[PDB]
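What follows is the content of upload.cif, which has mmCIF, C-alpha atoms; chains and numbers go by the auth columns:
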```cif
data_target
loop_
_atom_site.group_PDB
_atom_site.id
_atom_site.type_symbol
_atom_site.label_atom_id
_atom_site.label_comp_id
_atom_site.label_asym_id
_atom_site.label_seq_id
_atom_site.Cartn_x
_atom_site.Cartn_y
_atom_site.Cartn_z
_atom_site.B_iso_or_equiv
_atom_site.auth_seq_id
_atom_site.auth_asym_id
ATOM 1 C CA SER A 1 2.892 2.705 0.806 0.00 1 A
ATOM 2 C CA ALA A 2 -0.431 3.190 -0.878 0.00 2 A
ATOM 3 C CA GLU A 3 -3.502 4.680 0.777 0.00 3 A
ATOM 4 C CA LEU A 4 -4.869 1.775 -1.285 0.00 4 A
ATOM 5 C CA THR A 5 -5.388 -0.923 1.309 0.00 5 A
ATOM 6 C CA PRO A 6 -4.812 -4.670 0.826 0.00 6 A
ATOM 7 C CA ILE A 7 -7.526 -6.862 2.333 0.00 7 A
ATOM 8 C CA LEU A 8 -6.707 -10.103 0.476 0.00 8 A
ATOM 9 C CA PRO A 9 -3.837 -10.702 -1.978 0.00 9 A
ATOM 10 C CA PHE A 10 -6.391 -10.039 -4.794 0.00 10 A
ATOM 11 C CA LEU A 11 -8.672 -7.532 -3.029 0.00 11 A
ATOM 12 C CA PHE A 12 -7.964 -3.922 -2.138 0.00 12 A
ATOM 13 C CA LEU A 13 -9.993 -1.098 -0.600 0.00 13 A
ATOM 14 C CA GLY A 14 -9.654 2.607 -1.291 0.00 14 A
ATOM 15 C CA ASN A 15 -11.209 6.012 -1.619 0.00 15 A
ATOM 16 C CA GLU A 16 -11.365 8.381 -4.608 0.00 16 A
ATOM 17 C CA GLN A 17 -7.774 9.596 -4.357 0.00 17 A
ATOM 18 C CA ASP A 18 -6.595 6.024 -3.749 0.00 18 A
ATOM 19 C CA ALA A 19 -8.060 4.826 -7.038 0.00 19 A
ATOM 20 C CA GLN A 20 -6.328 7.620 -9.006 0.00 20 A
ATOM 21 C CA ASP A 21 -2.764 6.326 -8.326 0.00 21 A
ATOM 22 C CA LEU A 22 -1.900 4.368 -11.465 0.00 22 A
ATOM 23 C CA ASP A 23 1.616 3.350 -10.498 0.00 23 A
ATOM 24 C CA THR A 24 0.247 1.723 -7.353 0.00 24 A
ATOM 25 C CA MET A 25 -2.535 -0.113 -9.197 0.00 25 A
ATOM 26 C CA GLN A 26 0.042 -1.670 -11.524 0.00 26 A
ATOM 27 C CA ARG A 27 2.753 -2.644 -9.013 0.00 27 A
ATOM 28 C CA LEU A 28 0.026 -4.457 -7.056 0.00 28 A
ATOM 29 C CA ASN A 29 -1.218 -6.296 -10.163 0.00 29 A
ATOM 30 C CA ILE A 30 -4.737 -4.887 -9.924 0.00 30 A
ATOM 31 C CA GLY A 31 -6.614 -5.717 -13.131 0.00 31 A
ATOM 32 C CA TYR A 32 -10.155 -4.882 -11.991 0.00 32 A
ATOM 33 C CA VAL A 33 -11.940 -1.864 -10.498 0.00 33 A
ATOM 34 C CA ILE A 34 -15.319 -1.627 -8.749 0.00 34 A
ATOM 35 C CA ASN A 35 -16.537 2.006 -8.406 0.00 35 A
ATOM 36 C CA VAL A 36 -19.330 2.227 -5.830 0.00 36 A
ATOM 37 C CA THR A 37 -20.626 5.670 -6.796 0.00 37 A
ATOM 38 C CA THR A 38 -22.980 7.100 -9.367 0.00 38 A
ATOM 39 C CA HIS A 39 -21.108 10.286 -10.167 0.00 39 A
ATOM 40 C CA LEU A 40 -17.338 9.640 -10.163 0.00 40 A
ATOM 41 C CA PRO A 41 -15.519 8.770 -13.402 0.00 41 A
ATOM 42 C CA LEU A 42 -13.936 5.396 -14.029 0.00 42 A
ATOM 43 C CA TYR A 43 -10.429 6.662 -13.388 0.00 43 A
ATOM 44 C CA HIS A 44 -7.842 5.634 -16.010 0.00 44 A
ATOM 45 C CA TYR A 45 -10.662 4.357 -18.248 0.00 45 A
ATOM 46 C CA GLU A 46 -9.115 5.591 -21.499 0.00 46 A
ATOM 47 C CA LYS A 47 -5.830 3.866 -20.927 0.00 47 A
ATOM 48 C CA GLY A 48 -7.662 0.610 -21.670 0.00 48 A
ATOM 49 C CA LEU A 49 -5.855 -1.199 -18.871 0.00 49 A
ATOM 50 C CA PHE A 50 -8.639 -2.343 -16.463 0.00 50 A
ATOM 51 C CA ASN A 51 -11.907 -4.271 -16.246 0.00 51 A
ATOM 52 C CA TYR A 52 -14.504 -2.064 -14.626 0.00 52 A
ATOM 53 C CA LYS A 53 -17.848 -2.330 -12.812 0.00 53 A
ATOM 54 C CA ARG A 54 -19.907 0.641 -11.593 0.00 54 A
ATOM 55 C CA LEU A 55 -22.250 0.079 -8.644 0.00 55 A
ATOM 56 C CA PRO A 56 -24.117 3.406 -8.852 0.00 56 A
ATOM 57 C CA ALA A 57 -24.881 3.988 -5.156 0.00 57 A
ATOM 58 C CA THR A 58 -25.923 7.466 -3.994 0.00 58 A
ATOM 59 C CA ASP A 59 -25.688 9.763 -0.959 0.00 59 A
ATOM 60 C CA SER A 60 -28.566 8.227 0.987 0.00 60 A
ATOM 61 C CA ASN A 61 -29.631 6.957 4.368 0.00 61 A
ATOM 62 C CA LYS A 62 -31.702 4.428 2.436 0.00 62 A
ATOM 63 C CA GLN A 63 -29.102 3.311 -0.115 0.00 63 A
ATOM 64 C CA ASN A 64 -29.626 -0.411 -0.673 0.00 64 A
ATOM 65 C CA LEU A 65 -26.241 -2.121 -1.096 0.00 65 A
ATOM 66 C CA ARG A 66 -27.340 -5.753 -0.593 0.00 66 A
ATOM 67 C CA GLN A 67 -28.820 -5.768 -4.115 0.00 67 A
ATOM 68 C CA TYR A 68 -25.212 -5.432 -5.499 0.00 68 A
ATOM 69 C CA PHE A 69 -23.385 -7.933 -3.224 0.00 69 A
ATOM 70 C CA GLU A 70 -23.668 -10.915 -5.587 0.00 70 A
ATOM 71 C CA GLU A 71 -22.674 -8.907 -8.667 0.00 71 A
ATOM 72 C CA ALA A 72 -19.664 -7.561 -6.793 0.00 72 A
ATOM 73 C CA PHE A 73 -18.597 -10.998 -5.623 0.00 73 A
ATOM 74 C CA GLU A 74 -18.672 -12.370 -9.174 0.00 74 A
ATOM 75 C CA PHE A 75 -16.421 -9.580 -10.401 0.00 75 A
ATOM 76 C CA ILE A 76 -14.102 -10.193 -7.412 0.00 76 A
ATOM 77 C CA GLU A 77 -13.989 -13.921 -8.108 0.00 77 A
ATOM 78 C CA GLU A 78 -13.291 -13.132 -11.755 0.00 78 A
ATOM 79 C CA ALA A 79 -10.230 -11.176 -10.780 0.00 79 A
ATOM 80 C CA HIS A 80 -9.249 -13.836 -8.257 0.00 80 A
ATOM 81 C CA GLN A 81 -9.512 -16.879 -10.509 0.00 81 A
ATOM 82 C CA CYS A 82 -7.440 -15.185 -13.206 0.00 82 A
ATOM 83 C CA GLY A 83 -4.598 -14.220 -10.847 0.00 83 A
ATOM 84 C CA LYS A 84 -5.268 -10.466 -10.877 0.00 84 A
ATOM 85 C CA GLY A 85 -6.268 -8.012 -8.118 0.00 85 A
ATOM 86 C CA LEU A 86 -9.467 -5.992 -7.697 0.00 86 A
ATOM 87 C CA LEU A 87 -9.710 -2.479 -6.286 0.00 87 A
ATOM 88 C CA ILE A 88 -13.101 -1.587 -4.831 0.00 88 A
ATOM 89 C CA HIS A 89 -13.617 2.091 -4.006 0.00 89 A
ATOM 90 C CA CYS A 90 -16.078 4.862 -3.205 0.00 90 A
ATOM 91 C CA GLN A 91 -15.218 8.137 -1.421 0.00 91 A
ATOM 92 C CA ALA A 92 -13.768 9.315 1.872 0.00 92 A
ATOM 93 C CA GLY A 93 -14.735 7.042 4.745 0.00 93 A
ATOM 94 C CA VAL A 94 -15.147 4.127 2.331 0.00 94 A
ATOM 95 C CA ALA A 95 -18.460 3.183 3.925 0.00 95 A
ATOM 96 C CA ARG A 96 -20.026 1.830 0.738 0.00 96 A
ATOM 97 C CA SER A 97 -16.960 -0.089 -0.412 0.00 97 A
ATOM 98 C CA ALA A 98 -16.059 -1.300 3.089 0.00 98 A
ATOM 99 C CA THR A 99 -19.583 -2.636 3.353 0.00 99 A
ATOM 100 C CA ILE A 100 -19.134 -4.654 0.182 0.00 100 A
ATOM 101 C CA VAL A 101 -15.734 -6.018 1.217 0.00 101 A
ATOM 102 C CA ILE A 102 -17.035 -7.075 4.611 0.00 102 A
ATOM 103 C CA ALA A 103 -19.960 -8.845 2.942 0.00 103 A
ATOM 104 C CA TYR A 104 -17.491 -10.518 0.572 0.00 104 A
ATOM 105 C CA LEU A 105 -15.491 -11.709 3.601 0.00 105 A
ATOM 106 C CA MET A 106 -18.544 -13.057 5.379 0.00 106 A
ATOM 107 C CA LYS A 107 -19.756 -15.057 2.412 0.00 107 A
ATOM 108 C CA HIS A 108 -16.496 -16.351 0.943 0.00 108 A
ATOM 109 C CA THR A 109 -14.314 -16.645 4.077 0.00 109 A
ATOM 110 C CA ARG A 110 -17.003 -17.596 6.615 0.00 110 A
ATOM 111 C CA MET A 111 -16.068 -14.722 8.919 0.00 111 A
ATOM 112 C CA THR A 112 -18.739 -13.526 11.290 0.00 112 A
ATOM 113 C CA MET A 113 -19.853 -10.031 10.561 0.00 113 A
ATOM 114 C CA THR A 114 -18.120 -8.557 13.599 0.00 114 A
ATOM 115 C CA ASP A 115 -14.975 -10.547 12.722 0.00 115 A
ATOM 116 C CA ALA A 116 -15.160 -9.420 9.106 0.00 116 A
ATOM 117 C CA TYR A 117 -15.484 -5.824 10.271 0.00 117 A
ATOM 118 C CA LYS A 118 -12.604 -6.072 12.716 0.00 118 A
ATOM 119 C CA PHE A 119 -10.397 -7.574 9.970 0.00 119 A
ATOM 120 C CA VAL A 120 -11.064 -4.681 7.612 0.00 120 A
ATOM 121 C CA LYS A 121 -10.892 -2.007 10.284 0.00 121 A
ATOM 122 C CA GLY A 122 -7.591 -3.353 11.510 0.00 122 A
ATOM 123 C CA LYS A 123 -6.305 -2.776 7.989 0.00 123 A
ATOM 124 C CA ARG A 124 -8.217 0.486 7.214 0.00 124 A
ATOM 125 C CA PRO A 125 -8.959 2.267 10.544 0.00 125 A
ATOM 126 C CA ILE A 126 -11.214 5.103 9.160 0.00 126 A
ATOM 127 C CA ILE A 127 -14.546 3.418 8.388 0.00 127 A
ATOM 128 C CA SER A 128 -17.410 5.887 8.523 0.00 128 A
ATOM 129 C CA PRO A 129 -20.546 4.768 10.318 0.00 129 A
ATOM 130 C CA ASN A 130 -23.565 3.850 8.258 0.00 130 A
ATOM 131 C CA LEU A 131 -26.137 2.285 10.546 0.00 131 A
ATOM 132 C CA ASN A 132 -28.220 1.394 7.481 0.00 132 A
ATOM 133 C CA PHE A 133 -25.282 -0.482 5.921 0.00 133 A
ATOM 134 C CA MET A 134 -24.615 -2.279 9.207 0.00 134 A
ATOM 135 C CA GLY A 135 -28.226 -3.401 9.403 0.00 135 A
ATOM 136 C CA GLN A 136 -28.011 -4.740 5.881 0.00 136 A
ATOM 137 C CA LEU A 137 -24.848 -6.661 6.798 0.00 137 A
ATOM 138 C CA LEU A 138 -26.527 -8.159 9.875 0.00 138 A
ATOM 139 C CA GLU A 139 -29.450 -9.159 7.624 0.00 139 A
ATOM 140 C CA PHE A 140 -26.984 -10.737 5.174 0.00 140 A
ATOM 141 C CA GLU A 141 -25.415 -12.640 8.090 0.00 141 A
ATOM 142 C CA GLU A 142 -28.787 -14.060 9.090 0.00 142 A
ATOM 143 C CA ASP A 143 -29.385 -15.048 5.455 0.00 143 A
ATOM 144 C CA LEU A 144 -26.051 -16.861 5.194 0.00 144 A
ATOM 145 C CA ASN A 145 -26.677 -18.884 8.381 0.00 145 A
ATOM 146 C CA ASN A 146 -29.958 -20.164 6.900 0.00 146 A
ATOM 147 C CA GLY A 147 -28.698 -20.910 3.381 0.00 147 A
ATOM 148 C CA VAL A 148 -30.786 -18.463 1.350 0.00 148 A
ATOM 149 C CA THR A 149 -28.629 -15.855 -0.369 0.00 149 A
#
```

Show this structure as structure tokens.
Amino acid sequence: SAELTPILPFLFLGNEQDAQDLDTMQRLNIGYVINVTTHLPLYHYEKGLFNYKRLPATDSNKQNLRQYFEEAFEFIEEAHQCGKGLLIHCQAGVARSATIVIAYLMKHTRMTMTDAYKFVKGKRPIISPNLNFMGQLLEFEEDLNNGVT
């Protein structure tokens, strides 16, 4: 239908080409876009249709994504509470964006990390491996089971 991938009714996951399909954004009621890259444009910006957030992550083995989790969740919840969708995207393999969606699932739906991962991967089967992102997620999991995020 749309390389754009539904995770929740208000949350979708995509790559670069995914986030460039305007028709699909609109028929799915997406009002919000999170762009997890430093260098890509905010696609469709000058139509003045969407609420945007850049998370300017880089090509790095040491990219810290944890520092953005909370900001991302607030933007997601903003979309959610107003009855609109949010598209979160990066580039091919969606490793940055997948990381943030899995973290969102673990915090707000109580899914274990491995369960959160399986849920997303069952919907989007090409998730590139970032051992550094996975270690951050495991760290986040420990932090949620002690009450200190």

I'd like the residues picked by the PyMOL selection byres ((chain A and resi 134) around 12) written out as JSON, numbers by chain, using the chain letters and numbers from the file. {"A": [61, 62, 63, 64, 65, 66, 95, 96, 98, 99, 100, 102, 103, 113, 114, 116, 117, 127, 128, 129, 130, 131, 132, 133, 135, 136, 137, 138, 139, 140, 141]}

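The closest residue to residue A:123, picked from A:53, A:45, A:7, A:1 and counting all atoms listed in the file, is A:7.
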
Worksheet item: Could you tell me, as a PyMOL selection string, which residues have any atom at most 7 Å from (-23.5, -2.9, -8.5), counting only C-alpha atoms?
Response: chain A and resi 54-56+68+71-72

Those selected residues, please, written with C-alpha atoms and delivered as a short mmCIF file (atom, residue, chain, number, x, y, z; two decimals), in the frame of the given file.
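Resulting contents of part_29.cif:
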```
data_model
loop_
_atom_site.label_atom_id
_atom_site.label_comp_id
_atom_site.auth_asym_id
_atom_site.auth_seq_id
_atom_site.Cartn_x
_atom_site.Cartn_y
_atom_site.Cartn_z
CA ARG A 54 -19.91 0.64 -11.59
CA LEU A 55 -22.25 0.08 -8.64
CA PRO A 56 -24.12 3.41 -8.85
CA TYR A 68 -25.21 -5.43 -5.50
CA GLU A 71 -22.67 -8.91 -8.67
CA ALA A 72 -19.66 -7.56 -6.79
#
```

Hits of the PyMOL selection byres ((chain A and resi 9) around 10) in this structure, as a count of residues only: 14

Using only C-alpha atoms, the residue out of A:4, A:36, A:149, A:46 with shortest distance to residue A:21 is A:4

Applying the PyMOL selection byres ((chain A and resi 42) around 10) to the file I just gave you, which residues come out? Please list them as an NGL selection string. :A and (19-20 or 33-35 or 37 or 39-41 or 43-46 or 50 or 52-54)

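Restricting the calculation to all atoms listed in the file, the smallest distance between residue A:126 and any of A:13, A:87, A:22, A:106 is found for A:13.
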
Counting all atoms listed in the file, closest pick from A:31, A:93, A:122, A:147 relative to residue A:51 is A:31
